[PDB]
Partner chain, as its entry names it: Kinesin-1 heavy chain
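A single chain comes next, written as structure tokens; it is the form solved without the partner chain.
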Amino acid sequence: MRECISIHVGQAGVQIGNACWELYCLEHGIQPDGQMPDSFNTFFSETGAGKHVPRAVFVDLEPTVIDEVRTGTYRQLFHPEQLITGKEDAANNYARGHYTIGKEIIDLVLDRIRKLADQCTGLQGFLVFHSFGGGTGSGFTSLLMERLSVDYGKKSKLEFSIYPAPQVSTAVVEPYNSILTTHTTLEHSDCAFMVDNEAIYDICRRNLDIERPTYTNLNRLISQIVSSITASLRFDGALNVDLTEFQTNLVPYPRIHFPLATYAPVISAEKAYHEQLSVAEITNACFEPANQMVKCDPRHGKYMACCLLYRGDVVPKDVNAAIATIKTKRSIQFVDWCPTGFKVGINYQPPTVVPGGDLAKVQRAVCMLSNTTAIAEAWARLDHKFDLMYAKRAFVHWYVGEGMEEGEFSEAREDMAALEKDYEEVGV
């Protein structure tokens, strides 16, 4: 009845999409070849006789990562034409993704997205998975978002993006790409959910007792978060919430649309036996700084809006009591202009566990989405990195050679300054 389209861009987006689609196939009992021995309609199409194809688009400017998908276990799951690949990557360059290489491919992906949307009767919106520090995941994501805003318009668009860590970075030119893509995608997004690799590393090390986490573990956790978000669309519960409610509840002002995600309970099978994972305990754990998925201090900011999504054996009265207990706590503070700052959703389906996974099976799960002013600190840090790097004009010629102008750098810096000023003004 109501359908949702998922787009995965770049290496990180494609791999997180692999994890998410594995999780969905496990949830709905669909085998990797598309056969199963009907709320899954929102995420899976039906073609012919007993074949289910995902409503997904996988885009990358280099063929390796998507060639892995076309060769791996889920080769028969995806339709051949929705796995679009280029020949040359963007090489961590925003300008290459935006102008030089992005322009040669975006028409095909737009055609495929239109073809997918033609088969939908109640399309709710889009989810795009990408990175901030990448080349294609920055430039092509910005170009695609602007084209989607021009084409579709009112339909909601939600981002899942990997926020660069404060001290743990892979690239050297990450601040340039992050600032440019934020400036370009500010006006064409409805809300963006933020995660950080360093925070997930710390969570795996502490709660899951894992010495050597890899990217697969992080992708599994991100897939669990996304499944918790979309369970309202893929199942039926006591109190449901679809895509538009997230946008209308978590965004107070059009430019302030960067909430961060949190999941609980994340524990191994060893510690799960000695714990009673009640609603109050997980609700409390969702609000501790050590459990959040973005490395930042919620204590140094004030919450604006909070969204709690419960799964499994949950009854509303304990939810009400837990939220009241949270409200009476002084350690965490809400802005004075938001007397009502909670959105509550309850679902009946408990969270499933992937075989060979790192999480233990549980009766309950909470996905908390919080809009807080503490993101201003991360924005200021990224802006400082950009200023330090741009003072000496380092790596600027790489961007200029691909079609970018230094005026774009200046405009992006000005827009970021305006954004942090807006955050500071809202805080008071």
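Residue numbers count along the first chain shown, from 1.
Keep in mind that the form deposited with the partner chain bound is missing from the display, and what follows is about it.
Contact between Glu402 and the partner chain in the entry with it bound is found at the 4.5 Å heavy atom cutoff. Although the partner is absent here, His98 is a contact residue: one of its heavy atoms lies within 4.5 angstroms of the partner chain in the entry with it bound.
Using a 4.5 Å cutoff between non-hydrogen atoms, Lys361 does not count as a contact of the partner chain in the entry with it bound. Heavy atoms closer than or equal to 4.5 Å to the partner chain in the entry with it bound belong, across 103 to 139, to one residue only: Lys103.
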